[PDB]
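Quick look at start-v2.cif (mmCIF, C-alpha atoms and all ligand atoms):
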data_start
#
loop_
_atom_site.label_atom_id
_atom_site.label_comp_id
_atom_site.auth_asym_id
_atom_site.auth_seq_id
_atom_site.Cartn_x
_atom_site.Cartn_y
_atom_site.Cartn_z
CA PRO Y 582 -29.08 166.39 164.89
CA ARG Y 583 -31.75 166.01 162.20
CA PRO Y 584 -34.35 163.28 161.57
CA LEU Y 585 -32.97 161.02 158.84
CA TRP Y 586 -34.49 157.77 157.59
CA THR Y 587 -32.75 154.93 155.78
CA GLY Y 588 -33.76 153.11 152.60
CA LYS Y 589 -33.84 149.81 154.48
CA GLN Y 590 -36.59 151.23 156.72
CA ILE Y 591 -38.75 152.16 153.73
CA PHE Y 592 -38.18 148.82 152.03
CA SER Y 593 -39.05 147.09 155.32
CA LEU Y 594 -42.32 148.99 155.15
CA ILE Y 595 -42.67 147.65 151.59
CA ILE Y 596 -42.08 144.05 152.77
CA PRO Y 597 -45.45 142.43 153.57
CA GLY Y 598 -46.37 140.28 156.53
CA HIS Y 599 -43.65 138.66 158.64
CA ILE Y 600 -41.39 137.18 155.96
CA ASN Y 601 -38.16 135.59 157.21
CA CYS Y 602 -35.41 135.20 154.62
CA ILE Y 603 -31.61 135.03 154.36
CA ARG Y 604 -29.79 135.77 151.09
CA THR Y 605 -26.36 137.01 150.03
CA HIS Y 606 -25.29 139.88 147.81
CA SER Y 607 -23.36 139.18 144.62
CA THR Y 608 -20.23 140.93 145.92
CA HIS Y 609 -20.16 138.94 149.16
CA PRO Y 610 -16.62 137.84 150.09
CA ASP Y 611 -16.17 134.11 150.58
CA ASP Y 612 -13.99 134.61 153.68
CA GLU Y 613 -16.44 136.65 155.79
CA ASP Y 614 -18.49 133.68 157.00
CA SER Y 615 -15.44 131.59 157.92
CA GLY Y 616 -13.57 134.29 159.82
CA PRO Y 617 -14.74 137.01 162.20
CA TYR Y 618 -17.41 139.65 161.47
CA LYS Y 619 -19.84 136.96 160.33
CA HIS Y 620 -22.94 138.71 161.71
CA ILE Y 621 -21.42 142.22 161.76
CA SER Y 622 -20.87 142.64 158.04
CA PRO Y 623 -18.23 145.11 156.82
CA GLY Y 624 -19.56 145.39 153.26
CA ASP Y 625 -23.26 144.89 154.17
CA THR Y 626 -23.37 141.96 151.75
CA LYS Y 627 -25.49 139.53 153.82
CA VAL Y 628 -29.23 140.03 153.39
CA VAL Y 629 -31.22 139.13 156.51
CA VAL Y 630 -34.98 139.70 156.66
CA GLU Y 631 -36.50 139.08 160.09
CA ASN Y 632 -40.19 139.45 161.00
CA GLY Y 633 -40.93 141.34 157.79
CA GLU Y 634 -38.15 143.90 158.32
CA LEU Y 635 -34.89 144.34 156.40
CA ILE Y 636 -32.28 144.13 159.15
CA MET Y 637 -29.19 144.24 156.94
CA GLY Y 638 -27.84 143.54 153.49
CA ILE Y 639 -27.97 144.96 149.97
CA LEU Y 640 -30.72 143.68 147.70
CA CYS Y 641 -29.91 142.53 144.18
CA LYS Y 642 -30.81 139.85 141.64
CA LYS Y 643 -30.07 137.10 144.16
CA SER Y 644 -32.84 138.24 146.54
CA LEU Y 645 -35.45 139.87 144.28
CA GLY Y 646 -34.99 137.88 141.06
CA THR Y 647 -36.46 134.75 139.52
CA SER Y 648 -34.46 132.26 141.57
CA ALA Y 649 -35.51 129.68 144.12
CA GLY Y 650 -35.51 130.84 147.72
CA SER Y 651 -35.82 134.52 146.82
CA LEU Y 652 -37.69 137.13 148.82
CA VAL Y 653 -40.46 137.11 146.21
CA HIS Y 654 -40.67 133.31 146.35
CA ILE Y 655 -40.92 133.25 150.15
CA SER Y 656 -43.44 136.11 150.05
CA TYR Y 657 -45.61 134.11 147.64
CA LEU Y 658 -45.33 130.85 149.58
CA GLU Y 659 -46.08 132.54 152.91
CA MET Y 660 -48.71 135.16 152.05
CA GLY Y 661 -50.45 134.39 148.75
CA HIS Y 662 -50.85 135.80 145.28
CA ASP Y 663 -52.82 138.93 146.24
CA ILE Y 664 -50.24 140.10 148.77
CA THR Y 665 -47.40 139.23 146.39
CA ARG Y 666 -49.06 141.31 143.66
CA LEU Y 667 -49.27 144.25 146.06
CA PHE Y 668 -45.60 143.62 146.95
CA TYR Y 669 -44.58 143.84 143.28
CA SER Y 670 -46.56 147.02 142.63
CA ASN Y 671 -45.30 148.73 145.79
CA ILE Y 672 -41.66 147.88 145.01
CA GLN Y 673 -41.90 149.23 141.47
CA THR Y 674 -43.77 152.44 142.34
CA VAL Y 675 -41.68 153.43 145.38
CA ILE Y 676 -38.32 152.61 143.80
CA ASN Y 677 -39.17 154.26 140.48
CA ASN Y 678 -40.24 157.42 142.29
CA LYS R 242 5.97 101.73 127.79
CA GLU R 243 6.33 105.07 129.56
CA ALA R 244 5.68 106.84 126.25
CA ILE R 245 2.42 104.98 125.60
CA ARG R 246 1.22 106.51 128.84
CA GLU R 247 1.26 109.89 127.10
CA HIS R 248 0.02 108.24 123.90
CA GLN R 249 -3.36 107.02 125.16
CA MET R 250 -4.63 109.01 128.10
CA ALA R 251 -6.44 111.54 125.85
CA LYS R 252 -10.11 112.41 126.72
CA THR R 253 -8.96 116.06 127.18
CA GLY R 254 -10.60 116.06 130.61
CA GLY R 255 -8.98 118.67 132.82
CA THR R 256 -8.80 122.28 131.69
CA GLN R 257 -5.85 122.86 134.09
CA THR R 258 -6.77 126.18 135.68
CA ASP R 259 -4.68 125.89 138.90
CA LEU R 260 -5.43 129.52 139.78
CA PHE R 261 -8.10 129.76 142.49
CA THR R 262 -7.02 128.63 145.95
CA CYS R 263 -9.67 126.75 147.91
CA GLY R 264 -11.32 128.07 151.06
CA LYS R 265 -11.75 124.66 152.70
CA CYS R 266 -8.76 122.45 151.80
CA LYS R 267 -6.59 125.29 150.37
CA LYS R 268 -5.78 123.43 147.15
CA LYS R 269 -5.55 125.20 143.79
CA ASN R 270 -6.38 122.22 141.54
CA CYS R 271 -9.75 123.47 140.33
CA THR R 272 -11.96 123.74 137.25
CA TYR R 273 -14.39 126.48 136.24
CA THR R 274 -17.81 126.47 134.58
CA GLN R 275 -19.31 129.03 132.17
CA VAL R 276 -23.11 128.68 131.95
CA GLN R 277 -26.31 130.80 131.95
CA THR R 278 -25.45 133.11 129.06
CA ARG R 279 -27.30 136.44 128.58
CA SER R 280 -31.01 136.06 129.63
CA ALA R 281 -32.99 138.54 131.73
CA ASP R 282 -31.32 138.54 135.14
CA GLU R 283 -28.53 136.00 135.56
CA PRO R 284 -25.11 137.02 134.18
CA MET R 285 -22.26 134.63 133.38
CA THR R 286 -20.59 133.81 136.71
CA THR R 287 -17.79 131.26 136.77
CA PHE R 288 -18.53 128.39 139.17
CA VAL R 289 -15.24 126.89 140.36
CA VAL R 290 -15.02 123.45 142.00
CA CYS R 291 -12.14 121.95 143.96
CA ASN R 292 -11.99 118.22 143.29
CA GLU R 293 -10.03 116.99 146.32
CA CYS R 294 -12.21 118.42 149.11
CA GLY R 295 -15.41 119.11 147.14
CA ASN R 296 -15.69 122.78 148.11
CA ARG R 297 -17.51 125.15 145.75
CA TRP R 298 -17.24 128.93 146.04
CA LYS R 299 -18.65 131.58 143.72
CA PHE R 300 -16.35 133.90 141.77
CA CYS R 301 -18.42 136.95 142.86
CA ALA Z 2 -34.80 154.88 183.81
CA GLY Z 3 -34.47 152.25 181.10
CA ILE Z 4 -30.72 152.78 180.65
CA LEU Z 5 -29.44 149.32 179.73
CA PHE Z 6 -25.81 150.40 179.33
CA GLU Z 7 -23.71 153.49 180.05
CA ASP Z 8 -19.97 153.99 179.56
CA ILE Z 9 -17.27 156.20 178.05
CA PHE Z 10 -15.44 154.90 174.98
CA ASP Z 11 -12.23 155.74 173.14
CA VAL Z 12 -11.94 155.67 169.35
CA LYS Z 13 -9.05 153.39 168.39
CA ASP Z 14 -9.51 152.62 164.69
CA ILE Z 15 -11.67 154.19 161.96
CA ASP Z 16 -12.27 151.94 158.92
CA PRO Z 17 -9.40 149.46 159.38
CA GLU Z 18 -10.34 147.37 156.33
CA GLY Z 19 -10.91 150.52 154.26
CA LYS Z 20 -13.71 152.94 153.45
CA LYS Z 21 -16.63 150.97 152.00
CA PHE Z 22 -19.27 153.73 152.02
CA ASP Z 23 -18.95 157.48 151.57
CA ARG Z 24 -21.29 158.72 154.30
CA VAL Z 25 -20.81 155.85 156.78
CA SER Z 26 -17.55 154.99 158.54
CA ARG Z 27 -17.09 152.00 160.84
CA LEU Z 28 -15.22 152.74 164.06
CA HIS Z 29 -13.77 150.39 166.68
CA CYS Z 30 -13.69 151.42 170.33
CA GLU Z 31 -12.27 150.13 173.60
CA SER Z 32 -13.95 151.34 176.78
CA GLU Z 33 -12.44 152.02 180.19
CA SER Z 34 -13.62 150.88 183.67
CA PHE Z 35 -15.57 148.08 181.94
CA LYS Z 36 -13.23 146.90 179.12
CA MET Z 37 -15.96 146.75 176.48
CA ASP Z 38 -15.20 146.06 172.84
CA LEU Z 39 -17.37 147.95 170.38
CA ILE Z 40 -17.96 148.20 166.64
CA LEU Z 41 -20.20 151.04 165.51
CA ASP Z 42 -21.35 152.52 162.21
CA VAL Z 43 -22.09 156.25 162.24
CA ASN Z 44 -23.14 158.82 159.66
CA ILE Z 45 -19.80 160.58 159.26
CA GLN Z 46 -21.28 163.40 157.14
CA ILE Z 47 -23.66 164.63 159.83
CA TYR Z 48 -21.46 163.65 162.79
CA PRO Z 49 -17.69 163.86 162.17
CA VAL Z 50 -15.56 161.62 164.38
CA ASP Z 51 -11.75 161.63 164.56
CA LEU Z 52 -9.21 159.24 166.05
CA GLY Z 53 -8.68 159.54 169.78
CA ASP Z 54 -12.13 161.02 170.35
CA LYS Z 55 -13.82 160.36 173.70
CA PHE Z 56 -17.59 160.05 173.84
CA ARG Z 57 -20.13 158.90 176.41
CA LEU Z 58 -22.32 156.05 175.17
CA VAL Z 59 -25.79 155.54 176.65
CA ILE Z 60 -28.02 152.63 175.63
CA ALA Z 61 -31.60 153.34 176.65
CA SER Z 62 -34.91 151.57 176.13
CA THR Z 63 -36.87 154.84 176.01
CA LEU Z 64 -36.05 158.52 175.55
CA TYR Z 65 -38.50 159.82 178.16
CA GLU Z 66 -36.73 157.82 180.92
CA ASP Z 67 -39.79 158.10 183.19
CA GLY Z 68 -40.96 154.51 182.72
CA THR Z 69 -43.27 155.50 179.87
CA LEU Z 70 -43.27 152.91 177.10
CA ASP Z 71 -42.62 154.07 173.54
CA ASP Z 72 -44.99 153.28 170.69
CA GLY Z 73 -42.22 153.24 168.07
CA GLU Z 74 -43.99 155.85 165.93
CA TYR Z 75 -42.52 159.19 164.87
CA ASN Z 76 -44.37 161.86 166.85
CA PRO Z 77 -42.32 165.04 166.35
CA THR Z 78 -44.90 167.43 167.79
CA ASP Z 79 -44.89 165.78 171.23
CA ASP Z 80 -41.42 166.91 172.22
CA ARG Z 81 -42.94 168.18 175.48
CA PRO Z 82 -42.48 165.28 177.99
CA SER Z 83 -38.78 165.94 178.73
CA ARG Z 84 -36.90 163.60 176.43
CA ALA Z 85 -33.19 162.91 176.82
CA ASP Z 86 -31.78 165.66 174.58
CA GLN Z 87 -28.40 166.11 176.28
CA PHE Z 88 -26.70 164.08 173.53
CA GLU Z 89 -25.60 165.23 170.09
CA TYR Z 90 -26.13 161.94 168.21
CA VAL Z 91 -29.27 159.86 168.81
CA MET Z 92 -30.06 156.67 166.89
CA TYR Z 93 -32.96 154.21 166.94
CA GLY Z 94 -32.66 150.51 166.25
CA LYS Z 95 -33.52 146.93 167.07
CA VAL Z 96 -31.24 144.29 168.60
CA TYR Z 97 -31.34 141.11 166.54
CA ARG Z 98 -28.54 138.79 167.71
CA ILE Z 99 -27.12 137.75 171.08
CA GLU Z 100 -23.95 135.65 170.95
CA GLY Z 101 -22.32 133.61 173.69
CA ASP Z 102 -18.79 132.21 173.78
CA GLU Z 103 -19.97 129.26 175.87
CA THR Z 104 -21.08 125.83 174.64
CA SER Z 105 -24.27 125.91 176.80
CA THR Z 106 -22.89 123.18 179.05
CA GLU Z 107 -22.51 124.98 182.40
CA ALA Z 108 -23.07 128.78 182.12
CA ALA Z 109 -22.33 131.86 180.01
CA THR Z 110 -19.44 134.22 180.73
CA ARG Z 111 -19.34 136.77 177.87
CA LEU Z 112 -22.09 138.13 175.64
CA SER Z 113 -22.13 139.88 172.27
CA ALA Z 114 -25.06 142.17 171.45
CA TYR Z 115 -25.79 142.97 167.80
CA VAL Z 116 -28.03 146.00 167.20
CA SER Z 117 -29.15 147.24 163.77
CA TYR Z 118 -29.98 150.95 163.53
CA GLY Z 119 -31.91 150.90 160.26
CA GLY Z 120 -29.02 149.14 158.56
CA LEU Z 121 -26.32 150.91 160.58
CA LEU Z 122 -25.00 147.92 162.51
CA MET Z 123 -23.40 147.79 165.96
CA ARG Z 124 -21.75 145.01 167.98
CA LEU Z 125 -20.98 145.41 171.69
CA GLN Z 126 -18.95 142.71 173.47
CA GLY Z 127 -18.17 142.25 177.13
CA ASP Z 128 -19.20 140.53 180.34
CA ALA Z 129 -22.71 139.17 180.82
CA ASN Z 130 -23.26 141.28 183.95
CA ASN Z 131 -23.50 144.51 181.97
CA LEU Z 132 -25.21 142.79 179.01
CA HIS Z 133 -28.01 141.15 181.02
CA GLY Z 134 -30.52 143.85 180.05
CA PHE Z 135 -30.40 143.12 176.32
CA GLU Z 136 -33.23 140.93 175.02
CA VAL Z 137 -33.52 139.82 171.40
CA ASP Z 138 -35.99 141.70 169.15
CA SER Z 139 -36.32 144.61 171.58
CA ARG Z 140 -36.14 148.23 170.44
CA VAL Z 141 -33.17 150.26 171.64
CA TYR Z 142 -32.14 153.93 171.57
CA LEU Z 143 -28.45 154.83 171.18
CA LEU Z 144 -27.20 158.17 172.50
CA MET Z 145 -23.69 159.63 172.20
CA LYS Z 146 -22.15 162.94 173.24
CA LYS Z 147 -18.54 163.77 172.42
CA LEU Z 148 -16.40 164.53 175.46
CA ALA Z 149 -13.58 167.07 175.52
ZN ZN Y 701 -20.09 120.44 142.89
#
Could you rewrite the structure in this file as structure tokens?
Amino acid sequence: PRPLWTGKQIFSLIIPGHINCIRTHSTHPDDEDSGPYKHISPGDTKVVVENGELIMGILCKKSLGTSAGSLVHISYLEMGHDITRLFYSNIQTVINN
Amino acid sequence: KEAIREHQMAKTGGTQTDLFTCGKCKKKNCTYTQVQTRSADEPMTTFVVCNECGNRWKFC
Amino acid sequence: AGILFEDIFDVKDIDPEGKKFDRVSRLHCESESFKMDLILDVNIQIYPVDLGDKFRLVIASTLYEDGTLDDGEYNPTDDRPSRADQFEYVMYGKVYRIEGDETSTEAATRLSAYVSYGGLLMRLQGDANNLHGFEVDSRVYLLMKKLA
């Protein structure tokens, strides 16, 4: 009925280039991957970034923190320091506003 | 001779949790780890290991 | 045309595991005349849905349905060229996963299509004959209208 956007769309606009990354949220159940609903997540606790867009998942420490394999780490290693600096500034400004 | 079994094992090795059931071999004989105190991002999360099948699953 | 899929579904369960989000409820549906399983996430605040509700589901590649390709950009002022506005709930999303029950030894008999509507996820299972039109990383419009 009315045009509504989602926060994942805006953060996908924030994500630079064509970064591909898979992380998990901190509240991810250990039995979701073994059983059904592996790729159709009930709690949205599996972060999947495909072609620079945030398909699904809830971001947290484990994807945007200072840990190996994070979204920031992959962004650095795939795009460079200039684009990662712009990524940092855009995240902070948009989310703080 | 059976009593000197209990006399000289010692080493205080296992903490004897026996609480978390495994997700791979379904065995509760497990031990937990408490590391990465305070700091900027990482909070204390208990890492539990099952010894028989080697499976590790986060407390979450 | 561009209509990849078209059927009428019946709501069977709403949040069977429990409510995980306030404005979004996950509903499971079984179709008729095709026997299609379906899992869909909808904005329950804007569009209320009850148990036993019947709706017509249309999966379309474009809203114009005249063969005109969409640019994927929000152009609200060009509502002129006769878009499909016969449906109450319209969503936009990208299909990201296609699953097959087969082992890729002889052929494929059933397909699962996973579409993400900006984080609102949807899985549609069934036979490959009605799921042939889905191609990974394509952009897909979802249209529903509740039936009385
Ligand atoms: Zn280990």
Write down, as a PyMOL selection string, each residue of chain R that has any atom within 10 Å of an atom of chain Y, counting all atoms listed in the file.
chain R and resi 264-265+281-284+286+298-301
Residues of chain Y within 9 Å of chain Z, only C-alpha atoms counted, as a list in words
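Contact residues on the first chain: residues 582, 583, 586, 587, 588, 589, 590, 620, 621, 622, 623, 624, 625, 631, 635, 636, 637 and 638 of chain Y.
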Could you list, as a PyMOL selection string, all residues that come within 8 Å of ligand ZN 701 (chain Y)? Count all atoms listed in the file.
chain R and resi 290+295-297
Find the distance between atom CA of residue 294 of chain R and atom CA of residue 272 of chain R and write it in Å to one decimal.
13.0 Å
Please provide as a PyMOL selection string all residues within 12 Å of residue 657 of chain Y, with the sequence filter that same-chain residues fewer than 3 positions apart are discarded (counting only C-alpha atoms).
chain Y and resi 596-598+600+649-654+660-669
Using all atoms listed in the file, what residues lie at most 9 Å away from (-31.7, 161.9, 176.4) (file coordinates), given as a PyMOL selection string?
chain Z and resi 59+61+63-66+83-88+91+144
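The spacing separating atom CA of residue 273 of chain R from atom CA of residue 289 of chain R amounts to 4.2 Å.
Atom CA of residue 137 of chain Z is found 25.5 Å from atom CA of residue 26 of chain Z.
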Would you pick out the contacts of segment 255-262 of chain R at 6 Å or less, using all atoms listed in the file, so that residues sharing its chain but fewer than 2 positions from it are not included, and give the list as a PyMOL selection string?
chain R and resi 267-272
